[PDB]
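Notes follow once the structure below has been shown.
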Amino acid sequence: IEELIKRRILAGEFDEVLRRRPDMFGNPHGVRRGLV
Amino acid sequence: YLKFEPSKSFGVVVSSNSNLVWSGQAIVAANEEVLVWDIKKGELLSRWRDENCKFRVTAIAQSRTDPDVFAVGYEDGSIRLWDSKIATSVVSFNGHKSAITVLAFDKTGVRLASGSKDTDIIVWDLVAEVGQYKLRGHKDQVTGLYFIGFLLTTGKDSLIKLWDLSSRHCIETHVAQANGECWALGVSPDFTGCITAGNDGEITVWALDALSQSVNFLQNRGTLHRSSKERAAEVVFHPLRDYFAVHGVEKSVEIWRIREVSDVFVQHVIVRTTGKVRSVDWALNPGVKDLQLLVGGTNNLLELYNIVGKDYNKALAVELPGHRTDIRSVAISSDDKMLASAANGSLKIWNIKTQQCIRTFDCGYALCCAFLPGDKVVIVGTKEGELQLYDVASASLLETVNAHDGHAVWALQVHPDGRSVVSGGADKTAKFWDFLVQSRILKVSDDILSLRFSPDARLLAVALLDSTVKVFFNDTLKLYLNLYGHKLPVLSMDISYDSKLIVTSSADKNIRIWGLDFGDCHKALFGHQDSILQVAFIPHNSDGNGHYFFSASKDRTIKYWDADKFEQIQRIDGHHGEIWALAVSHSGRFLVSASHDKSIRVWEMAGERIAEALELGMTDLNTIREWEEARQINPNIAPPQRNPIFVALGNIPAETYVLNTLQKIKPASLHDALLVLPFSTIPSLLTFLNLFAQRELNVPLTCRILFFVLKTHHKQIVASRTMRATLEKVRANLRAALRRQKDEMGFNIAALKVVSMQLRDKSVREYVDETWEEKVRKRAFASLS
Amino acid sequence: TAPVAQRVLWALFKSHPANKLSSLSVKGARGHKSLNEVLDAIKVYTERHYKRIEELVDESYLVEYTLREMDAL
RNA sequence: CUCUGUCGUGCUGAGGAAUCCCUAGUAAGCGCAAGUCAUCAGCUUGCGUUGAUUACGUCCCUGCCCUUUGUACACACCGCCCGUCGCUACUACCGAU
RNA sequence: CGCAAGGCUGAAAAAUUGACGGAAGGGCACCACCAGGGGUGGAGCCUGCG
């Protein structure tokens, strides 16, 4: 188990769910809402 | 588990580092020790050698008004002060980051300026032992220093900088060479002139004379050019007569005389030397009518030349206590009393017990040396292909044999019985010489780099250029086995006293241990940071340690290994160059190690914060007003004697100090701190707000904390009495400051309106036609929802 | 640095007349650094600073109110 | 649990240093029931009943996380955080081949 | 069925983006402070863990 943890950490692949943007549908480019 | 220690070190006169000094003694720099010779008799007087330091020494300076104290500058950035009476270091100075390169002393000798390669020049006091200050100019390294007080320096960014010392900032700069580098500095002893030697062989000449206006001190009075176009190492002036010596790192030293600048300076003489001179130095002997120019070469020698002032003669020389170029091989006697060292150009054999040379021969190049048993004769295999034979007791050359044609004898090994020698060369063959008569040859695939026998004369082992080792039988030359697995060609090998182990040193930065029955690698052990030159076993197992071996490499290290437990038992430092050869004793009690160093060696709270700052400023105000009353009474000497925190922060006003301590805090913390401030601390704050509004600075901050003070204490102010006086003062001052600032900004905005309307009137239109459609900023302003 | 810029701008306007600063013609006047946009930027930031100092004066009459109360007592 | 009577401290003794946990139907007392493919009768899990003291502030101690890059624009405020090295580009130096 | 399935061999880097910190300022925590409460630890029984 310890060697499995060390292999994942070194060649780092983690199975955590990642924080996605809440407006990925309507704003897919992710533009910034200020001066353009 | 007995370790090794440095006990002896010799074979060296002046290194390739700079700065020779004369005192009739010559004080020069060996690697880490500064050693002083007599020039008349070749016996050295003394050596200055410190156990705490290992780094090499590279700058020497004699103190004026007191010889027998000297300043040496090392490679790690330290300075030591030695005495010539007693060989100790009285004071040590660890100020710089790297590589002290130019020293200088005051005229009175109480002050010492040291300029480094890390470009700092630091001046040092010699009665308080404190780093005085740190002068900071100079894009890159400082190559010249002098004390004119005043300082005159020059750097590798081709700038002469004239520094002050009473106010530690530069007064003048000038640029000596336009697109080159100023490399050397020479000052006249009466401070009338300075000549700076640059990269092209051009010598620029400057005249010196002895703040709000245009200060002009250094004047480029003209340029000179010497004969050789090399980077000039030094310019040394005569302390008494009218001469100087200019030299680069070459075989010529050009002595010019002082009578356009080309008319003022003419070359008196050009002195040729036998080797490249690193540092020239001047010497005046009592009772002679001459110029004793003392050159110290890169090729390991001192020469004292006599120059007649109104030709050169090689008057004195020191060459006997050192090899002159570079030791390539060592071989020490069977009686272990004397050793031989074989260098390019020479053979010099030495005594161990006295560390003084006994015999000297001349050979062309010297790859490999080994003496024959009885230690009467020595064998040298050279680069030109030949094998020379010399003898010690009559000190002569017996025989010479063209072993290979033009192919360097890379390996020589004497038979353990002592009747034959084997020379393996840069040709494919390896030849056997019986005594000498050629007995048998061995043709093999590539060039033989190194071969060694067995201590019981049973098997031979050659080591090729094909990154492989061939172990043969000694009687008939049949291939017993071959060892592989080296990525780069084998440089050396040594096999054990009972022939059960081989160590094999390669250029791929590791050594291998083979078992020599079946030739299995015991353990490949990566142990050096560079290509390991040589290896050697200790031959006697009388002391119980015969499976230990030394390995010397290009990373300036020897390593003591154990092959039985496969472990490094010691790391031997102490060499400052790529160690070319080493040998162990037949008793094994000491070993010699010969380097590129040319030195062969022998080894045996926010509110409380602003409140206390308010109190500091209040005491400062009381002291300043008392000093005002005193200086109004009389102009007598009256010191204000304010706080050491103020005279360390730089004699700032108390207003500036309390303004900075009010400015440092973030605005929410400012609100909380002024809330936490008590009413005993309020009146001091009100006086300082009066001071801010009087000498207007941060008027919004002043008004902000003032209105906070009044609003959080409104009843207490209108009940107290002295707040009437100080609040009337702050009202008058703040109203004047606000009205002044407001009227200035109103004049500005009115003028900008006027000039904008006039610019519109200029801009409007020239033509008139039917289309007035020719006659605005726009911003983008994205928004997501 | 707004006070030091306003003070040396005041010295600049009091030294030179308006016709010179309007007919100012310099070869580096192209795009965002031309004279119109430069004087517009200076004017609008000076408007902001002047609004700040006007609010400060109007709030600064509190000290005269407090001195009037202490004069009453 | 509430109320009313009969007798009166009688081997008939509420846990040290430490260490841990706990802020409202929470701590604590009390019984009744069930026994659910793992665990649990030397107990487990539900369910009702009675129901407080003291904090509910502060980063001072012990820590943990994060700012000093970004992610929006008006008012308003701030105003170039600091060190030891690496890597890259160029410049010249040192000395063997 | 064919390939995989022939031993210079003998166990224990990337980087103009990187490595490590410090000072200041915030936020949070019955693994923190503060105020209290309650266990365990004393005697006996016993599941379990070593």
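Identifiers for the structure tokens are assigned positionally: chains receive A, B, ... in sequence, residues are indexed from 1 per chain, and ligands are indexed from 1 in the order shown.
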
Quiz item: Can you list, as a PyMOL selection string, every residue of chain C that DSSP puts in helix (DSSP H, G or I)?
Solution: chain C and resi 2-15+18-22+31-33+35-60+62-72

Quiz item: Any idea which chain B residues end up within 9 Å of chain C if we count only C-alpha atoms, as a PyMOL selection string please?
Solution: chain B and resi 697-698+700+703-704+707+710+714+717-721+724+727-728+730-731+734-735+738-739+741-742+744-749+751-760+762

Please produce a file of the residues just selected, as a tab-separated table (two decimals), in the first residue's frame, where the atoms kept are N, CA and C atoms.
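Resulting contents of result34.tsv:
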```
chain	number	residue	atom	x	y	z
B	697	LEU	N	2.79	66.95	4.87
B	697	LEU	CA	3.08	65.68	4.23
B	697	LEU	C	2.06	64.67	4.72
B	698	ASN	N	1.46	63.94	3.78
B	698	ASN	CA	0.30	63.08	4.00
B	698	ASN	C	-0.83	63.83	4.70
B	700	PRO	N	-4.12	63.85	3.71
B	700	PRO	CA	-5.26	62.97	4.00
B	700	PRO	C	-5.08	62.06	5.20
B	703	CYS	N	-5.43	64.37	8.36
B	703	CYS	CA	-6.82	64.70	8.64
B	703	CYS	C	-7.62	63.49	9.07
B	704	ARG	N	-7.32	62.31	8.51
B	704	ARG	CA	-8.06	61.10	8.88
B	704	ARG	C	-7.87	60.76	10.35
B	707	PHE	N	-9.46	63.51	12.69
B	707	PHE	CA	-10.91	63.50	12.89
B	707	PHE	C	-11.33	62.27	13.67
B	710	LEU	N	-10.65	63.32	17.33
B	710	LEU	CA	-11.67	64.22	17.87
B	710	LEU	C	-13.00	63.53	18.08
B	714	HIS	N	-14.45	63.41	21.94
B	714	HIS	CA	-14.96	64.76	21.80
B	714	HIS	C	-15.30	65.39	23.14
B	717	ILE	N	-11.89	66.32	25.14
B	717	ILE	CA	-11.19	67.48	24.60
B	717	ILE	C	-11.89	68.76	25.03
B	718	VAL	N	-13.22	68.80	24.92
B	718	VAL	CA	-13.96	69.99	25.33
B	718	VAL	C	-14.07	70.13	26.85
B	719	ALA	N	-13.60	69.15	27.61
B	719	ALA	CA	-13.47	69.35	29.04
B	719	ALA	C	-12.06	69.72	29.48
B	720	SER	N	-11.03	69.36	28.71
B	720	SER	CA	-9.66	69.65	29.10
B	720	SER	C	-9.30	71.10	28.75
B	721	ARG	N	-8.05	71.49	29.03
B	721	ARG	CA	-7.66	72.89	28.86
B	721	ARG	C	-6.50	73.11	27.89
B	724	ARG	N	-6.98	73.21	24.04
B	724	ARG	CA	-7.36	74.47	23.40
B	724	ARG	C	-6.18	75.10	22.66
B	727	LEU	N	-4.82	72.56	19.88
B	727	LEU	CA	-5.82	72.37	18.85
B	727	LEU	C	-6.01	73.64	18.04
B	728	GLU	N	-5.80	74.81	18.65
B	728	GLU	CA	-5.80	76.04	17.87
B	728	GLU	C	-4.63	76.07	16.91
B	730	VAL	N	-3.15	73.36	15.59
B	730	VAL	CA	-3.38	72.39	14.52
B	730	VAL	C	-4.51	72.85	13.61
B	731	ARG	N	-5.43	73.68	14.11
B	731	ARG	CA	-6.50	74.20	13.26
B	731	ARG	C	-5.94	75.20	12.26
B	734	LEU	N	-3.59	73.20	9.74
B	734	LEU	CA	-4.32	72.33	8.83
B	734	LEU	C	-5.17	73.12	7.85
B	735	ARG	N	-5.75	74.24	8.30
B	735	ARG	CA	-6.55	75.05	7.40
B	735	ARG	C	-5.68	75.73	6.35
B	738	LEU	N	-4.68	72.86	3.83
B	738	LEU	CA	-5.79	72.46	2.97
B	738	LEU	C	-6.14	73.54	1.97
B	739	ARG	N	-6.11	74.81	2.39
B	739	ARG	CA	-6.42	75.89	1.46
B	739	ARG	C	-5.35	76.04	0.39
B	741	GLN	N	-3.32	73.54	-0.80
B	741	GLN	CA	-3.43	72.41	-1.71
B	741	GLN	C	-4.65	72.53	-2.61
B	742	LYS	N	-5.76	73.00	-2.04
B	742	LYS	CA	-7.00	73.13	-2.79
B	742	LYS	C	-6.90	74.22	-3.84
B	744	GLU	N	-4.09	75.26	-5.29
B	744	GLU	CA	-3.19	74.79	-6.34
B	744	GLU	C	-3.89	73.83	-7.30
B	745	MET	N	-4.69	72.91	-6.76
B	745	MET	CA	-5.37	71.96	-7.64
B	745	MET	C	-6.50	72.63	-8.41
B	746	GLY	N	-7.09	73.68	-7.84
B	746	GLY	CA	-8.09	74.43	-8.58
B	746	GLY	C	-7.50	75.23	-9.72
B	747	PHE	N	-6.32	75.82	-9.50
B	747	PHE	CA	-5.61	76.48	-10.59
B	747	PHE	C	-5.23	75.49	-11.68
B	748	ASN	N	-4.83	74.28	-11.30
B	748	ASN	CA	-4.48	73.26	-12.28
B	748	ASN	C	-5.68	72.84	-13.12
B	749	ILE	N	-6.83	72.60	-12.49
B	749	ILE	CA	-7.99	72.13	-13.25
B	749	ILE	C	-8.56	73.25	-14.12
B	751	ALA	N	-6.68	75.69	-15.51
B	751	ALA	CA	-5.75	75.80	-16.62
B	751	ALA	C	-5.93	74.66	-17.61
B	752	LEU	N	-6.24	73.46	-17.12
B	752	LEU	CA	-6.43	72.34	-18.03
B	752	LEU	C	-7.71	72.50	-18.84
B	753	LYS	N	-8.75	73.08	-18.24
B	753	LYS	CA	-9.95	73.41	-19.00
B	753	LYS	C	-9.67	74.43	-20.09
B	754	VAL	N	-8.87	75.46	-19.78
B	754	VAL	CA	-8.56	76.50	-20.76
B	754	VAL	C	-7.74	75.95	-21.92
B	755	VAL	N	-6.69	75.18	-21.61
B	755	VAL	CA	-5.82	74.68	-22.67
B	755	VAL	C	-6.53	73.58	-23.47
B	756	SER	N	-7.46	72.85	-22.84
B	756	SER	CA	-8.25	71.88	-23.59
B	756	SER	C	-9.19	72.56	-24.57
B	757	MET	N	-9.80	73.68	-24.17
B	757	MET	CA	-10.67	74.41	-25.09
B	757	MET	C	-9.87	75.04	-26.22
B	758	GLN	N	-8.67	75.54	-25.92
B	758	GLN	CA	-7.82	76.09	-26.97
B	758	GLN	C	-7.34	75.01	-27.93
B	759	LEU	N	-7.09	73.80	-27.42
B	759	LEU	CA	-6.64	72.72	-28.29
B	759	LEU	C	-7.78	72.22	-29.17
B	760	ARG	N	-9.01	72.23	-28.65
B	760	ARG	CA	-10.18	71.95	-29.48
B	760	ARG	C	-10.33	72.98	-30.59
B	762	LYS	N	-7.90	74.65	-31.92
B	762	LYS	CA	-6.87	74.35	-32.92
B	762	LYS	C	-7.28	73.15	-33.76
```

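Atom pair atom CA of residue 779 of chain B / atom CA of residue 31 of chain A has a distance of 16.3 Å (rounded to one decimal).
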
Exercise. Select all residues from chain D having any atom no more than 8 Å from an atom of chain B (counting only C-alpha atoms (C1' of nucleotides), ignoring ligands), output as a PyMOL selection string.
Key: chain D and resi 72-73+77+96

Practice problem: Taking only C-alpha atoms (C1' of nucleotides) into account, report as a list in words which residues of chain E lie within 10 Å of chain B. | Solution: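 The selection requested is residues 8, 9, 10, 24 and 25 of chain E.
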
Quiz item: Neighbours of residue 506 of chain B within 9 Å (only C-alpha atoms (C1' of nucleotides); same-chain residues fewer than 2 positions away dropped), as a PyMOL selection string?
Solution: chain B and resi 467+486-493+504+508-512+531-534

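When the distance limit is 12 Å and only C-alpha atoms (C1' of nucleotides) are what count, the residues near residue 85 of chain D, minus those fewer than 3 positions from it on the same chain, are residues 18, 19, 20 and 21 of chain E.
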
Exercise. List the neighbours of segment 33-35 of chain B out to 10 Å using only C-alpha atoms (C1' of nucleotides); skip same-chain residues closer than 3 positions along the sequence, and give me the result as a ChimeraX atom specification.
Key: /B:12-14,26-30,44-50,53-60,72,82

Quiz item: Quick one: which residues from chain A are at most 10 Å off chain B, using only C-alpha atoms, as a list in words?
Solution: residues 23, 26, 27, 30, 31, 32, 33, 34, 35 and 36 of chain A
